Amino acid sequence: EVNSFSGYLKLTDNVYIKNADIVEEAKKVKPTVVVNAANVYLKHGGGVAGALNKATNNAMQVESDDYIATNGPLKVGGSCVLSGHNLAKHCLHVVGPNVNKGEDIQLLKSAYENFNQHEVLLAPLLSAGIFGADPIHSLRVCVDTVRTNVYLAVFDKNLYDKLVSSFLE
Ligand SMILES: CNC(=O)c1cccc(-c2cc3c(N[C@H](c4ccc5c(c4)S(=O)(=O)CCC5)C(C)C)ncnc3[nH]2)c1
């Protein structure tokens, strides 16, 4: 079966959310697109990006280095489409701003706008965790910006509960 997402909670007509590890979701669903929470040189050194790359046994990193060699780095707020390897048909590498490193939070809207080029996506909550954005704010930007069908996997039950309670106020 195609894009067989299970156990999500529908927030809006096109945004769904689950307490889950995006890696485990990608292995089980094999979505058309999985979003990586990338940086501009596509160096998948830790967190979500490191986990997705490890699940490909480093194939994603080798492919990413080849892309950067030919094309140069991405911009903050930008994206590129590469192979999804064993995780998906395609991986959409999206660079959200890292506000812990001084990048402008306004670029989070630009980052989510990249999702609109794909009908269905499995994605993490952009710029959350160690990128330093307020995760409640990131969910609001996602809801207001994404118009295609997005399935958010958030790997922390405490944060999941806080996000759902915020959405339902
Ligand atoms: C097999 N699994 C692993 O090897 C593994 C190991 C180690 C980690 C994971 C893993 C983490 C994680 C996740 N974290 C969220 C999150 C969202 C966005 C960003 C980050 C973190 S960041 O990496 O800190 C910076 C980039 C933006 C947290 C809860 C807010 N959300 C979904 N799926 C996840 N998976 C799997």
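We're numbering straight along the sequence, starting at 1.
- The closest donor-acceptor contact from the side chain of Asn36 to the backbone of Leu92 lies at 3.5 Å or more, if one exists at all.
- In this structure, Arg147 and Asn116 approach most closely via the heavy-atom pair N-OD1, 2.8 Å.
- Residue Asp13 qualifies as open at atom CG: its count of foreign heavy atoms under 6.0 Å is 12 or below.
- Summarising the geometry of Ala26 relative to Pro31, their closest heavy-atom pair is O-CD, 3.7 Å, with the distance given to 0.1 Å.
- The distance from the CG atom of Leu152 to the CD1 atom of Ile22 is 9.0 Å, given to the nearest 0.5 Å.
- Between the side chain of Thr56 and the backbone N or O of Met60 there is at least one donor-acceptor pair closer than 3.5 Å.
- Looking at heavy atoms from C-beta onward, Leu122 lies out of side-chain contact with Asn3 at the 4.5 angstrom threshold.
- Taking hydrophobic clusters as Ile, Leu, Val, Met, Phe, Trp and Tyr residues chained together by side-chain heavy-atom distances below 4.5 Å, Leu9 does not share a cluster with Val29.
- Put simply, the side chain of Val95 does not reach to within 4.5 Å of the side chain of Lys75, judged on heavy atoms.
- The nearest pair of heavy atoms linking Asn100 to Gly132 is ND2-CA, 3.3 Å.
- Between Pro73 and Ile68 the shortest heavy-atom distance is CA-CD1, 3.8 Å.
- At distances below 3.5 Å, not a single donor-acceptor pair connects side-chain atoms of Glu113 with backbone N or O atoms of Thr145.
- Residues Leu108 and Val150 share a single hydrophobic cluster, defined by chaining ILVMFWY side chains whose heavy atoms lie under 4.5 Å apart.
- For the atom pair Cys80 SG and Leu74 CG, the distance stands at 4.5 Å (nearest 0.5 Å).
- Using a 4.5 Å cut-off between side-chain heavy atoms of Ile, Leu, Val, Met, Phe, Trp and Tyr, with links allowed through other members, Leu125 and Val164 fall into the same hydrophobic cluster.
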Determine, step by step, whether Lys43 and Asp65 satisfy the salt bridge (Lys or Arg N to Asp or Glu O under 4.0 Å) criterion, reporting the C-alpha distance in whole Å, the side-chain angles of both residues, the deciding distance to 0.1 Å, and the verdict. CA-CA 8 Å; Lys43 288 299 193 185; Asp65 291 346; 2.9 Å; yes
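- Applying the side chain to side chain contact (heavy atoms under 4.5 Å, CB included) rule to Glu24 yields the partners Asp21, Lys27; only residues at least two apart in sequence or on another chain are considered.
- Within the 3.5 Å criterion, the main-chain N or O of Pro97 finds no donor-acceptor partner in the side chain of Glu103.
- Checking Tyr41 against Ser64 by side-chain atom types alone, no donor-acceptor pair falls below 3.5 Å.
- The CZ atom of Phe155 sits 11.5 Å away from atom NZ of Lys18, with the distance rounded to the nearest 0.5 Å.
- Listed by chain and residue number, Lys157, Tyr160 satisfy the side chain to side chain contact (heavy atoms under 4.5 Å, CB included) test with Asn19 (two or more places apart in sequence, or in another chain).
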Test log, rule side chain to side chain contact (heavy atoms under 4.5 Å, CB included), inputs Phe5 and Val120: CA-CA 11 Å; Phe5 294 102; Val120 180; 3.8 Å; yes
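- Checking side-chain atoms of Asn149 against main-chain N and O of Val15 turns up no donor-acceptor pair under 3.5 Å.
- The shortest distance between side-chain heavy atoms of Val141 and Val143 does not fall below 4.5 Å.
- With a 4.5 Å cut-off on side-chain heavy atoms, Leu42 and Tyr67 count as touching.
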Steps toward side chain to side chain contact (heavy atoms under 4.5 Å, CB included) verdict (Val34, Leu121): CA-CA 6 Å; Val34 62; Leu121 313 92; over 6 Å; no
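- Remark: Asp156 engages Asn158, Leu159 in a side chain to side chain contact (heavy atoms under 4.5 Å, CB included) (not counting sequence neighbours).
- When atom types are taken as modelled, the side chain of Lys10 and the backbone of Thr12 share a donor-acceptor pair closer than 3.5 angstrom.
- The minimum heavy-atom distance between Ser166 and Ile136, with the atom names listed, is OG-CG2, 3.3 Å.
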List the steps, then state whether side-chain hydrogen bond (donor to acceptor under 3.5 Å, both in side chains) holds for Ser127 with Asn98. CA-CA 6 Å; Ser127 295; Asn98 185 330; over 6 Å; no
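- With rounding to the nearest 0.5 angstrom, the SG atom of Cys142 is 12.0 Å from the NZ atom of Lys109.
- Contact annotation: the side chain of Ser83 never approaches that of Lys89 to less than 4.5 Å [non-hydrogen atoms, C-beta and beyond].
- Looking at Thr148 and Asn14, their side chains never bring a donor and an acceptor atom within 3.5 Å of each other.
- Follow the hydrophobic side-chain contacts under 4.5 Å out from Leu11 and you reach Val146 in the same cluster.
- Here the side chain of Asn114 pairs no donor or acceptor atom with the backbone of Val94 at under 3.5 angstrom.
- Aromatic pair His85/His90: ring centres not closer than 6.0 Å.
- Below 30°, between 30° and 60°, or above 60°: for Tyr151 and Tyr8 the angle between ring planes is above 60°, a perpendicular geometry.
- Side chain of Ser138 to backbone of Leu126: a donor-acceptor contact under 3.5 angstrom is found.
- With contacts defined as side-chain heavy-atom distances shorter than 4.5 Å, the pair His93/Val35 does not qualify.
- Taking 4.5 Å as the limit, some side-chain heavy atom of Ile17 sits within range of a side-chain heavy atom of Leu163.
- A distance-only check finds no donor-acceptor pair linking the side chain of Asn58 to the backbone of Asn53 [under 3.5 Å].
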